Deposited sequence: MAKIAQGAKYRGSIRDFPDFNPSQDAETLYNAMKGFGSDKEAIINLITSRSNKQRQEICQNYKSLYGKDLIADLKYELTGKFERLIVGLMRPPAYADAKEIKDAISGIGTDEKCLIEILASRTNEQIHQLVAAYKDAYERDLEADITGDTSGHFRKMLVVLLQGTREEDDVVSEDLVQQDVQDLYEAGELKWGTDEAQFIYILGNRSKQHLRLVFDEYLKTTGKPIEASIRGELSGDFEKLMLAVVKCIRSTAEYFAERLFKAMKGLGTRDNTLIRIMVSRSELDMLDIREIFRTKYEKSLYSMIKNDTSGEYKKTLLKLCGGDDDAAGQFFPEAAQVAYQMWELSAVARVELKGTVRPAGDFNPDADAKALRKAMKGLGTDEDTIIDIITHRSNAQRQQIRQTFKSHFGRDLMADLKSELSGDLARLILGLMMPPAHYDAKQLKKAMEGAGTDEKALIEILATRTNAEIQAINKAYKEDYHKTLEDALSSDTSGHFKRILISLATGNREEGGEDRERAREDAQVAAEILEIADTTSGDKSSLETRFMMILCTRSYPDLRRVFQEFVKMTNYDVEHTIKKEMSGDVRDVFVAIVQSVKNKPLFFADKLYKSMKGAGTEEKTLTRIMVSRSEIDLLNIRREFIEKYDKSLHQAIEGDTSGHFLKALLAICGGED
């Protein structure tokens, strides 16, 4: 049983109805009792209770509840009383009935519900409202989106059976040609296959597609479709692979950033409470920093929160384990292409650049707009050229002039862009260790993200600018395991070769025991090897490395390793995650925000931009646009590149 709420052992329906009656007795009601009851009984038992109540009093429990309660807390409780099928119908009703139209709800339900659930859905709609669901849907949606929805409404998807490897491969190429190989996508094609083929078949098709293409099916869909259809087709895929994972992220999305999408939270927590709530939790914790319980506890309040925490629940299983494993498989096989946001300027004229720069700095005030239009629109290399030119033209150091004429975050941003990669990092590391305390966050981000070549370049740039070895510096500002671990990474001496299934299983065993060598493995093994090592870990312990690190490590030590693991799993994502935090909350960390924007502006910033929008449903553009302002915002948005 992967549900969070199960049948209450030895339950007295008649008494429960009596307790519900007495709970609402007098002015108001004993909400603490109502929630503890309803939330401690299966939807089936709730139906019996609601039944005994109708006879024992001749009143409607749901109608009565609707009166004695109010607010989100009411929607939740009343929603928990409605039969599964009739609950879905209500959600759909609200979505297509009113002012706007919740396509998010339409997609969540229609793309996840099974053939039976779908049939029980449309039936409950016609019964509860005496209206045709297909007609209502068809008349409230347009385009391929409407089509796909109607196809999903038929609930006539071929159900699991023996897979025909011949048809699987035929579908793999069919999809490939209908999408990846073309400018756009054959909607009619994807709708038919992704909508008719069995989940078991498609799952094997998706696996085949990645192994023979290099990228997951969604990678070929993303950006190749438009509007709600893209989202819908991306949701169907996710659901086919794992509905637990779908709701896992769908949930995270409803609580992400100030303000909650309570309507989605209640719908999901209620609908999956007796299906895969447990797996969703196992996946949520693994896929995200905070646990479902923690996220809900911090986003909701009152009885509404207490109820949600009860619905939630608070080793892996066939599902939660599959996802974790497949997560590493993808990261290991996926053929990703790193792309920056700022590219070399065409018709590059250093002489004209240095002139415009010199001009925009003369006088009392400093023309910053021009300074930004140039600097932020030139590759770090071209920038180094403007420095050379500027100097060999005016006999003055551009940096010194820039540093003096500029100030604040802007000065830090602009001057940061003018510094060569290896030197910017060196400066960063030096600052993190200067003064009182250590910017543990800065050191980790860098030392746990940079490569052997990058670390080598850094180690050198450091000795120069700051006559002292990067190690010596580290030993001066840090200590303990944090220092040992950091110093290790600062050696840029990690294995480069491919994976070794032999050593892998061995290394994996080391991680299993912990639940010095571990450090060596996480600091010495090549990323491709570690990727496999983690594959073997989930296969022999049933847990994910992240869980071993969290359970046996804490604080900085735990953050360096998690940073490393994340860097090996999905570097761009790790940065998108860090970029979100910097702008998360009332304040803003222009420091981290600036460091990441600059450092990755020419490596994989575009990649980060996508991982950001996909996971937080909002472009980095708007993300920055809302936090920063003035000239700091102008320059930043320049690096973002759209």
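**Q** What are the missing stretches of the deposited sequence, listed from start to end?
**A** Sequence ranges with no C-alpha atoms are 1-9, 324-329, 531-544, 672-673.
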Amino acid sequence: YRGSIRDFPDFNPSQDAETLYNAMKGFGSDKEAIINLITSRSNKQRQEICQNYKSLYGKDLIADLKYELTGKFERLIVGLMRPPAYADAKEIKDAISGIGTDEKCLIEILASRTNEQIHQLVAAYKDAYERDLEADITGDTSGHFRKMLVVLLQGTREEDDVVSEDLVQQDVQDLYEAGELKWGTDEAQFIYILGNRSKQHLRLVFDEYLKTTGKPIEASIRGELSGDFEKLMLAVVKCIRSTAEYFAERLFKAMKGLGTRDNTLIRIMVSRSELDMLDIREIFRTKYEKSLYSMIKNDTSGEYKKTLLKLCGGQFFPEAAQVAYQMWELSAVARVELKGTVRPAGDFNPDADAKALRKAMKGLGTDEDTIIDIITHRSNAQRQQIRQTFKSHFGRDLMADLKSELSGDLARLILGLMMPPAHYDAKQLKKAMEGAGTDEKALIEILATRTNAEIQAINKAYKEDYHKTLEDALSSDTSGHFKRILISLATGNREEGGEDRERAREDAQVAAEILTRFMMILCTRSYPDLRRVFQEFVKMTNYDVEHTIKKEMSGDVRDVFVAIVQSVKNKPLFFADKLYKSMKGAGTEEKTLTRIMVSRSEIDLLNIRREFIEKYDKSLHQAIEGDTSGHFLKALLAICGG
From here on, numbers count along this sequence of modelled residues.
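**Q** Look up the CA B-factors in the entry and say which stretch, 145-153 or 291-299, has the higher mean.
**A** Higher mean C-alpha B-factor: 291-299.
**Q** Take the C-alpha B-factors listed in the entry for 59-67 and for 596-604, compute each mean, and give the stretch with the larger one.
**A** Mean CA B-factor is higher for 59-67.
**Q** When the CA B-factors of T449, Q509, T114, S479 are compared as recorded in the entry, which is the largest?
**A** Highest C-alpha B-factor among the listed residues goes to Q509.
**Q** Between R525, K460, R131, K441, where does the Cα B-factor run highest in the record?
**A** Of the options given, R131 has the highest CA B-factor in the PDB entry.
**Q** Test of reading the entry: by CA B factor among the chain's modelled residues, which third contains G626?
**A** Middle third - that is where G626 ends up once the chain's C-alpha B-factors are sorted.
**Q** Based on the deposited C-alpha B factors for this chain, I'd like to know if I35 is in the lowest, middle or highest third.
**A** Answer is middle: the recorded C-alpha B-factor places it there.
**Q** Among the modelled residues of its chain, does the C-alpha B-factor of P420 lie in the lowest, middle or highest third?
**A** Within its chain, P420 is a lowest-third residue by C-alpha B-factor, going by the deposited values.
**Q** Considering only modelled residues of the same chain, in which third does the CA B-factor of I514 rank: lowest, middle or highest?
**A** Its C-alpha B-factor belongs to the middle third of this chain's values.
**Q** Name the third of the chain's ranked CA B-factors that contains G437, choosing lowest, middle or highest.
**A** It belongs to the highest third of the chain when residues are ordered by C-alpha B-factor.
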